[PDB]
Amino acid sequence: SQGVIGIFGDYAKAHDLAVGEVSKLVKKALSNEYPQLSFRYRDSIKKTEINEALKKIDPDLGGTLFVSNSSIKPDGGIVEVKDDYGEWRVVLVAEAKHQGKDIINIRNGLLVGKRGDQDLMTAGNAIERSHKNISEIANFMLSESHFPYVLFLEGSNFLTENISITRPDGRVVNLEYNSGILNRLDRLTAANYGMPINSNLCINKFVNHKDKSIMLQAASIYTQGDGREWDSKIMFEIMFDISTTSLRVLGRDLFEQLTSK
């Protein structure tokens, strides 16, 4: 609703854009807001690129590479901006994951389990793989003071409120979100150090314990806690907000370009 944001947002909703297309929409919106800056979208980053960023931090880092052409491909891609030095800086990395088919199985009156007599499927743990790409981007951005990694959760395994699903035969199945039978949210909280979910954690926090003053890279973790599908318009707003925050942290290195125009 924030001017053009409202407009782009309606477009995303009208086309139920996938997270990757929403990232491309964020890039376009950024270019619109900041005509003097240069933005780009990339769907992947090579492991050699990460290693090079790591080496700049410390020569002993980023020394391993078993498969030469190895890489990562966040399903939401990556958006970057060119700084006054000509270097590309990450402003957004988005990822959307799914897990838990219970709401669909119930609506279909389809029992599950090895005996096909269960209303619910004990939730799996594949979502844990999400920590790998978060770690890869944190490493790639180790020199940065922001970490614009956003993860969108969807499914019966990421509930934040109790919901009710009615079977075809009319029987109603009540789901308690705090049930370990299905809730796998605690499998992702390590990624943002237990900070609040559904929040923009792009600005890195620094902490200490022994005159340490260490930097934390917290992913912003969002979930559609009612088991429904994500609204592309809200994903767009979340993502545009994160990206805007990236630009703020990167401000000192964008001044020259905002001037000369």
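Note that residue numbering follows the sequence shown and begins at 1.
Colleague: Taking only the CA atoms, which stretch has the higher mean B-factor in the record, 91-99 or 115-123?
Modeller: Looking at the record's C-alpha B-factors, the answer is 115-123.
Colleague: Once you work out the mean C-alpha B-factor for both 206-214 and 32-40 from the entry, which is higher?
Modeller: Stretch with the greater average CA B-factor: 206-214.
Colleague: Between 77, 155, 148, 170, which one tops the list for Cα B-factor in this entry?
Modeller: Spelled out: the listed residue with the top C-alpha B-factor is 170.
Colleague: Would you mind finding, among 136, 186, 161, 128, the residue with the largest C-alpha temperature factor in the entry?
Modeller: Result of the comparison over 136, 186, 161, 128: 161.
Colleague: Using the temperature factors of the C-alpha atoms in this entry, rank residue 225 within its chain: lowest, middle or highest third.
Modeller: Its C-alpha B-factor belongs to the middle third of this chain's values.
Colleague: Where does residue 14 sit by CA temperature factor within its chain: lowest, middle or highest third?
Modeller: Residue 14: CA B-factor falls in the highest third of its chain.
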